[PDB]
There are 2 protein chains.
Amino acid sequence: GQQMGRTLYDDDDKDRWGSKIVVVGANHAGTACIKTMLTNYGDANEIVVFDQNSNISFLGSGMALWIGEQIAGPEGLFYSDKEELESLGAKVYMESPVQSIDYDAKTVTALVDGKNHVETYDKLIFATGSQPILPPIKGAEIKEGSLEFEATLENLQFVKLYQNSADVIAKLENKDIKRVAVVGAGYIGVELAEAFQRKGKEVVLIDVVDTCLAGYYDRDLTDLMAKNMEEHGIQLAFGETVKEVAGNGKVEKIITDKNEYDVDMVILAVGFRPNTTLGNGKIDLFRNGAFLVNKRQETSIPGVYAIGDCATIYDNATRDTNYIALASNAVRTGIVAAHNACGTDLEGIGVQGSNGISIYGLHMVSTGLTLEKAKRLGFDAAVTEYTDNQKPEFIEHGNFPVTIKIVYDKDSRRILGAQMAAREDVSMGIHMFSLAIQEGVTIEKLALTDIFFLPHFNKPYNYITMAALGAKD
Amino acid sequence: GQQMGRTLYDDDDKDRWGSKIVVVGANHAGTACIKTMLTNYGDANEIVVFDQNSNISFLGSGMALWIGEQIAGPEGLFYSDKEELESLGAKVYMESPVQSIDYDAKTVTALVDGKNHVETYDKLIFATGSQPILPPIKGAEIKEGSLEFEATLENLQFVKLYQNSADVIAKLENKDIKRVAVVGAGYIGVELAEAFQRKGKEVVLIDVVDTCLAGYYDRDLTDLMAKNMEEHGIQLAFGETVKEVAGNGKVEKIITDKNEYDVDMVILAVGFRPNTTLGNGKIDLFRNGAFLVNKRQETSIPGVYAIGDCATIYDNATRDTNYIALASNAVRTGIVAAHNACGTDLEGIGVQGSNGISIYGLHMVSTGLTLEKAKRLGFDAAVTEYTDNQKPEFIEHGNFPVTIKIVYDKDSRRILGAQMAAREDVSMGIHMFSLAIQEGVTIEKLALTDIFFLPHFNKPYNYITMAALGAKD
Ligand SMILES: Cc1cc2nc3c(=O)[nH]c(=O)nc-3n(C[C@H](O)[C@H](O)[C@H](O)COP(=O)(O)OP(=O)(O)OC[C@H]3O[C@@H](n4cnc5c(N)ncnc54)[C@H](O)[C@@H]3O)c2cc1C
Ligand SMILES: Cc1cc2nc3c(=O)[nH]c(=O)nc-3n(C[C@H](O)[C@H](O)[C@H](O)COP(=O)(O)OP(=O)(O)OC[C@H]3O[C@@H](n4cnc5c(N)ncnc54)[C@H](O)[C@@H]3O)c2cc1C
């Protein structure tokens, strides 16, 4: 598991009011925030929690691992629970949806055991996350009133909760499910494509765009990832807009503008949107509905905070407010918010959208902006790349080539992003680029950065130094 | 190999000066400097090189690899040579030791083919490196006039040149060599101890200090490494000062202030000191004798630079001038001196003493100051550490524990160093810390740094984040 004690920000409460803090949502962001408040300021504040689901902390990435038989079962895909939060001092109401907030009276109303439950608060923290987007596809609809995204058509699956994952695992126990279509080639769909193929199904990955992982890796790497999937039995249907999902009583065929595929199941991995309705317009929202928050995760309403996927985050690569739905950001915004609502002044430092993906032996990582996105967003970006073996050629075993791409602002010279891909795990190296971007390090300064040398680990003239020195523009 | 075109610093000679540039020494630092000058400013300058040895670019780290038989031979241990430098445009005199310098007439006097050769210069760049340290030990003497560190006593070996390595190898063909004594428990001595053990020799590792690797790791990790060596039969004799190496015509035993050992071969790996004799007292020196240089690698004599093992370097961990004999520094200082010497203003950024070591499957990396070293320097330091598995417990294979230590200043909160140990390669990780120290990142800021999450690579609450968040002091 993963549980600690007091963080290093924990400030001595001099003369601050003892606040009653209500948290809406106790998943990845909520749990992080709650535990931080309890393990750091304990009894000084009354923590009350509401979550409409029946479970919390389910690791989304566990869905593909489970389906792809990379792990025996669901055990371990949860790292905390109600009992764990109560043992730290929180009062937890599960399966209790908060349905309205009164910012003037400072109360929230939730549905506890079918009955309006009113709870007062001094500080309010929204950790309501997001929910999957239903695309305009004929035949794709959710059963009215469903709270677990259940499609009306049998075998049309959504991605979001543990229930959704178990649903698929169970259905897959049906020998009639031989062909699966995965809609959306972002990292979620890519992993699910591999997962289904690994389970032994026929998979067709469909996306309106011409390649996979378009928002995080440049064409060289996405092409590589696509080739990787193809060489494993996954059929690629890029550049196709899904029109309809048909069948008689269950999924039987998916129709795009360029083809028709016979399939026994369709998975929608098209993205999510923030759950901010409780705001009731009283709170400033980002263009996508996310609660707009400053670096202390505070909303436009004092004493009201938003964290995780229901709120924005500061992107150091673009140097603007942004929206990055990642468990990593959920944990940090939760930690930042916890300290502030408890009276400790703590400014967040922004994020770079660092991410990693591992598909059939191909390991990739990236952080910041790809060259294409940097340009599309108006930066005079350039990229410097290099492909070389990780270790000196004289090393007899465990060597392998690594490709690195360092994107930088030709103008200001600051690093805007980096990408790495290799057949072995070099993911630890992306951390340096995350920090580099956060700190505003230039491609020039980076080139001279002290990168150690040991033949067992790298080359004297390693690919990082070489890529940086090779910068042109 | 490891060659390239122009660096990103290559500045267009608006209206600069071309110079006659003489380089003394063409090994790691020299070759890096020479190639940078010739590759970026080609014909604008005239480059003459002098090196007293008969070969250059030999990677010292391969010595242990060679003896311990982890690699085929020494072939890939060279990455450049006389012909490559000359074909780049430099005049190269191999086996030509510069015996004196006239700073007034701006001439160097070398011994070329038994006769003196006077070369005039506009700019002088010292890359004379270092030579092995030889404390006063009875029976330990280098042959008079030997420029190859050949001991007068048969089987008393030094660790410096390719020839030294080739020598030991040849001597190991002598069935009589059964037990080896390694003097010096730094990384070189530890690596050689493993190498001789692998060759099936009986090894006794001797050091004045109570532990191995005292300069780069804290007692925890060094104790771990000690046990690692003992686990393979290496006898440790720490806390002992070698007083004499005895033998009737050849090494028969070595004696310390606490004991005596019967050995057949003795290797001295006590350390290195700068070769700055040519300074002739006209150039300011550092406490240890190294040419004292600034951020541009220039000595106290305008037009005269010094790089690599013969000069100092700026340490961002201590935030002061320091001496750190590493190839990584040789390379970077050489690149900076090249640009500056050729008219391109380029200020160096300093180094952190980043380093790595791999012995019997135990991989460790460190950068900056250890807690003990920080304190030995007067820093009010503290360390925050953590040990946990690399990935979630639910991961089937490839998981392993990692121990991380982060040393910081209790007052400024500035990060001073970091160490990592695991039985799987997490070396890429030390780079982020090396950059952190360079950029003066605080432990609080580091705790909030964007570290991605992907079950295949790490845990949501990874050990770096956890360690940082746990800064108690
Ligand atoms: C298949 C998949 C794979 C992923 N893989 C990775 C990965 O490998 N690495 C990574 O960093 N990220 C990954 N993510 C993203 C990560 O899971 C999300 O960023 C994270 O779950 C967001 O956490 P959150 O707490 O902000 O929101 P959510 O997970 O959306 O949780 C919000 C919580 O609040 C509750 N709630 C909402 N409204 C109310 C209400 N009105 N009243 C009471 N309770 C309410 C909900 O029940 C829920 O428990 C993945 C996501 C998916 C779907
Ligand atoms: C066994 C061993 C293992 C090592 N492992 C690592 C490691 O894994 N990682 C790492 O980063 N570093 C390592 N190092 C350190 C690294 O080798 C040195 O930091 C580096 O060699 C210094 O390069 P240099 O060019 O400054 O000096 P040197 O290598 O000392 O070379 C100086 C050159 O100048 C010439 N010269 C000297 N005086 C004169 C003169 N008067 N006239 C003409 N020519 C002259 C010499 O012949 C020589 O070629 C190791 C060293 C050893 C011995």
Side-chain angles (χ1 to χ4, degrees), chain A residues 24-32 50-53 55-56 58-64 96-99 110 126-132 159-161 165 187-188 191-192 269 272 275 277-278 307-311 324-330 333-334 355-357 452-455 460, chain B residues 24-32 50-53 55-56 58-64 96-99 110 127-132 147 159-161 164-165 187-188 191-192 269 272 275 277-278 307-311 324-330 333-334 355-357 452-456 460:
Chain A
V24 191
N27 206 39
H28 302 304
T31 285
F50 296 87
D51 194 289
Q52 67 196 191
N53 200 350
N55 63 83
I56 48 173
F58 168 66
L59 289 168
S61 61
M63 190 178 290
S96 307
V98 169
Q99 293 175 164
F126 286 106
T128 50
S130 61
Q131 63 179 189
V159 178
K160 181 57 179 176
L161 312 165
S165 183
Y187 81 82
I188 291 180
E191 307 183 319
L192 294 174
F272 318 76
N275 293 310
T277 179
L278 286 172
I307 61 173
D309 293 2
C310 77
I324 308 175
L326 291 174
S328 45
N329 298 332
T333 50
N355 67 91
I357 189 167
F452 82 85
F453 165 56
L454 181 71
Chain B
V24 184
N27 209 37
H28 305 308
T31 294
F50 295 90
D51 200 295
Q52 69 185 198
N53 197 7
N55 64 73
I56 56 168
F58 177 65
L59 299 174
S61 58
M63 195 177 297
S96 300
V98 169
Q99 313 196 302
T128 51
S130 63
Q131 63 181 181
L147 302 184
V159 180
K160 181 60 176 170
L161 315 167
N164 292 161
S165 187
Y187 73 88
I188 294 175
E191 302 181 317
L192 287 177
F272 307 98
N275 293 313
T277 190
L278 291 170
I307 63 179
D309 277 26
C310 77
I324 310 173
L326 294 176
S328 54
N329 299 328
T333 51
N355 69 85
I357 186 172
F452 82 88
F453 164 57
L454 183 68
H456 296 288

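Counting convention: from 1, in listed order, for ligands and their atoms alike. Below, chains carry the letters A, B, ... as their sequence lines are ordered, and counting in each starts from 1.
For atom 1 (C) of ligand 1, the closest non-hydrogen atom of the protein is A:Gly60 O, 3.4 Å. Of all protein heavy atoms, the one lying nearest to atom 7 (C) of ligand 2 is A:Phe453 O, 3.5 Å. Counting protein heavy atoms only, atom 20 (C) of ligand 2 is closest to B:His28 CD2, 3.7 Å. The protein atom (non-hydrogen) at minimum distance from atom 26 (O) of ligand 2 is B:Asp309 N, 2.8 Å. Protein heavy atom closest to atom 41 (N) of ligand 1, with residue, atom name and distance, is A:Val98 O, 3.2 Å. Protein heavy atom closest to atom 53 (C) of ligand 1, with residue, atom name and distance, is A:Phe272 CZ, 3.6 Å. Looking at atom 29 (O) of ligand 2, its nearest protein heavy atom turns out to be B:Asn27 ND2, 2.8 Å.
Here the straight-line distance linking atom CD1 of A:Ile357 with atom OG of A:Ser61 works out to 11.5 Å at 0.5 Å rounding. Separating the CG atom in A:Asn27 from the CG atom in A:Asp51 is a distance of 6.5 Å, to the nearest 0.5 Å. Separation of atoms CZ (A:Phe50) and OG (A:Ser96) is listed at 7.0 Å; rounding is to 0.5 Å. Between atom CE of residue B:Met63 and atom CZ of residue B:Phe58 there is a gap of 5.0 Å, rounded to the nearest 0.5 Å.
Within the listing of ligand 2, atoms 15 (C), 19 (O) sit less than 4.0 angstrom from a heavy atom of B:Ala325. Below 4.0 Å from some heavy atom of B:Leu454 lie the following atoms of ligand 1, by number and element: 8 (O). Under a 4.0 Å criterion applied to the non-hydrogen atoms of A:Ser328, ligand 1 contributes the atoms 11 (O). Close approach of ligand 2 to B:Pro97 (heavy-atom distance below 4.0 Å) involves ligand atoms 42 (N), 43 (C). For ligand 2, the atoms sitting less than 4.0 Å from at least one non-hydrogen atom of B:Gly308 are 26 (O), numbered in the order shown with element in parentheses. Atoms of ligand 2 lying under 4.0 Å from any heavy atom of B:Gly25, numbered from 1 in the order shown and given with element: 34 (O), 35 (C).
Summarising the contacts of atom 50 (C) of ligand 2 with A:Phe452, B:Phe50, B:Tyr187, B:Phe58, the nearest heavy atom is found in B:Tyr187. With distances taken over non-hydrogen atoms, the option nearest atom 19 (O) of ligand 1 out of A:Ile357, A:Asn355, A:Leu326 is A:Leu326. In this structure, of A:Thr128, A:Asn55, A:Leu278, A:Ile56, the residue bringing a heavy atom nearest to atom 38 (N) of ligand 1 is A:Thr128. With atom 10 (C) of ligand 2 as the reference point, the heavy atom nearest to it among B:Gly62, B:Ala26, B:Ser165, B:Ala327 is part of B:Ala327. Closest to atom 34 (O) of ligand 2 by heavy atom, among B:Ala127, B:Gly129, B:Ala110, is B:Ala127. If you check each of A:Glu191, B:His456, A:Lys160 against atom 30 (O) of ligand 1, the one with the closest non-hydrogen atom is A:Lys160. The option from B:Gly356, B:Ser130, B:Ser61, B:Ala29 that lies nearest to atom 24 (P) of ligand 2, judged by heavy atoms, is B:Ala29.
Pairing each heavy atom of B:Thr31 with each of B:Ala26, the nearest pair is OG1-O, 2.5 Å. Of all the heavy atoms in A:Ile307 and A:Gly30, the pair that sits closest is CD1-N, 4.0 Å. Across A:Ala330 and A:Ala32, no two heavy atoms sit closer than the pair O-CB, 4.4 Å. The shortest heavy-atom contact between A:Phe272 and A:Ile188 is CE1-CD1, 3.6 Å. Contact detail for A:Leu278 and A:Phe126: the closest heavy-atom pair is CB-CE2, 3.6 Å. Taking all atoms of both residues into account, the shortest heavy-atom contact from B:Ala64 to B:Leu192 is CA-CD2, 4.0 Å.
Screening A:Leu326, A:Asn329, A:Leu59 for a side chain to side chain contact (heavy atoms under 4.5 Å, CB included) involving B:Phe453 leaves a single residue, A:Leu59.
Between the side chain of A:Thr128 and the backbone N or O of A:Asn275 there is at least one donor-acceptor pair closer than 3.5 Å. For A:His28 (side chain) and A:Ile56 (main-chain N/O), no donor-acceptor pair under 3.5 Å exists by modelled atom type. Proximity of a side-chain donor or acceptor of A:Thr333 to a complementary backbone N or O of A:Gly308 within less than 3.5 Å is detected. Judged by distance alone, with hydrogens and angles left aside, the side-chain atoms of A:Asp309 form no donor-acceptor pair with the main-chain N or O of A:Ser130 at under 3.5 Å.
The shortest side-chain heavy-atom distance between A:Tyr187 and A:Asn355 does not fall under the 4.5 Å cut-off. For the pair B:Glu191/A:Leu454, a side-chain contact is recorded, criterion being any heavy-atom separation below 4.5 Å from C-beta on.
By the criterion of a heavy-atom distance under 4.0 Å, neither the backbone nor the side chain of A:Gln99 is placed next to ligand 1. Of the heavy atoms in A:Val159, only side-chain atoms (C-beta onward) come closer than 4.0 Å to ligand 1. In A:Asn53, the parts holding a heavy atom less than 4.0 Å from any atom of ligand 1 are both the side chain and the backbone. When non-hydrogen atoms are compared, ligand 2 lies under 4.0 Å from the side chain of B:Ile188 (C-beta onward) but not from its backbone. At a heavy-atom cutoff of 4.0 Å, ligand 1 is contacted by no atom of A:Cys310, backbone or side chain. Neither the backbone nor the side chain of A:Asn329 has any atom closer than 4.0 Å to an atom of ligand 1 (non-hydrogen atoms only).
The distance criterion of under 3.5 Å between nitrogen or oxygen atoms is not met by B:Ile307 with respect to ligand 2. Remark: ligand 1 and A:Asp51 share an N or O pair separated by less than 3.5 Å (distance only, no angle test). On a distance-only criterion, B:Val24 and ligand 2 share no N/O pair closer than 3.5 Å.
Within the 4.0 Å heavy-atom shell around ligand 1 one finds A:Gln52. Note on ligand 1: A:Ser96 sits in its first shell, one or more heavy atoms being nearer than 4.0 Å.
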